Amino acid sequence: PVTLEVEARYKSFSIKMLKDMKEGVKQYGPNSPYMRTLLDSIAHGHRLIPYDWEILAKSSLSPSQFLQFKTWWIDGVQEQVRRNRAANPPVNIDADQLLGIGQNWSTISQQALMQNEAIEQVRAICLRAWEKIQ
């Protein structure tokens, strides 16, 4: 997660939290009330960049579950970019920022400068993607 001291600083997830979450997904399922409670609290209790989401997902999910998450992340990005382009005025956030990739957004330091609207879009897209894991 990113903290805004404004000066943005990145702090990695707790190793124990990650271990807890991987074991919880395994025992209860990625969308059990168990995981929904935990994940929602983390997502809304922190400023998460795409890097954070990639870490949470890759660490917590089985390989097949992770593939599902990524496809739905990409699906949510398609829809979001469409809404961004159609907004009046257009919202200048594209897929590179929402996925955390490319020359402008691939590094943690770049992503840490993401504005509120972008953070909110990433949060909604990734929570939806997680919820769509079957």
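Position 1 is the first residue in the sequence shown; the rest follow in order.
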query: None, 1 to 3, 4 to 9, or 10 or more: how many residues of the deposited sequence lack coordinates between residue 5 and residue 6?
result: 10 or more
statement: Looking only at C-alpha temperature factors in the entry, 63 to 71 or 26 to 34, the higher average sits in 26 to 34
- line: Assert higher mean C-alpha B factor (82 to 90 or 48 to 56, deposited values) equals 82 to 90
field: Residue selected from 15, 119, 112, 126 by maximal Cα B factor
entry: 15
- request: Would you mind checking where the Cα B-factor of residue 77 ranks among the modelled residues of its chain, as the lowest, middle or highest third?
  value: lowest
field: B-factor third for the C-alpha atom of residue 95 within its chain
entry: lowest
message: Could you place residue 101 in the lowest, middle or highest third of its chain by Cα temperature factor, using the values in the record?
response: lowest
query: Considering only modelled residues of the same chain, in which third does the CA B-factor of residue 39 rank: lowest, middle or highest?
result: middle
